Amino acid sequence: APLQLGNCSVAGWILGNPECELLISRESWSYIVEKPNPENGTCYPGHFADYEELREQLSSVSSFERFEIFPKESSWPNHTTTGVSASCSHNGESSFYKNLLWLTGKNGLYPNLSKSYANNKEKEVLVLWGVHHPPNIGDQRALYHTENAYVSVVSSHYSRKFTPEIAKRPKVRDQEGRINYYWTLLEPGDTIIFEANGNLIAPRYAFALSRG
């Protein structure tokens, strides 16, 4: 009972690349059918961490539920949530990954944020997020109002502090900036905490899953 990915990569599918939402949703599958060289993946360029490990974790699943870990319109009262890009276009229209939110400043401010989530799903929860590395200082100031930014992510099984490095990368899909993608599996009962003062590409949707 295989999961057909079509023109998408696991990266495209799991992040919610706009071209990848046309695929039929599944709650279980024995293996993953995926084109050798898939067209749509990370529509916004960046490094996807532990990618091979993640494909293996997702290889076979007995239960799969997408849920809104951090509701878009509720979680972020003092930040702007509408961020979109032509690099992630859908129907000729600038857009973004279904499963992440591009947070930016609001009314001249990007207030320190702290958002936590407790896994009460009784199944492992796959959580994904990103860290944005602007191509220059102008974009850094315009988006986040802060030049010295950090993103911090913590649970019982994950602990990292990220800092953007602002500089040009080779132009890919019309971007010289980058987004690095990260993920963790959260134990039942464990809590994960995100803190940032800029540059967080927040989780919007997460995945409760079983593998056997």
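Note that residue numbering begins at 1 and tracks the sequence as displayed.
- Look at the C-alpha B-factors of 30-38 and of 169-177. On average they run higher in 30-38.
- Here the stretch with the larger average CA B-factor, out of 122-130 and 86-94, is 86-94.
- The PDB entry assigns its highest CA temperature factor, among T184, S159, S62, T163, to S62.
- When the C-alpha B factors of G198, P203, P18, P188 are read from the deposited coordinates, the top value falls at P18.
- Ranked against the other modelled residues of its chain, the C-alpha B-factor of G108 as given in the entry falls in the middle third.
- In the PDB entry, a CA B factor belonging to the highest third of its chain's modelled residues is recorded for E147.
- In the PDB entry, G138 places in the middle third of its chain by CA B-factor.
- Split the chain's modelled residues into thirds by C-alpha temperature factor. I192 is in the lowest one.
- Per the PDB record, residue ranking by Cα B-factor puts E53 in the middle third of the chain.
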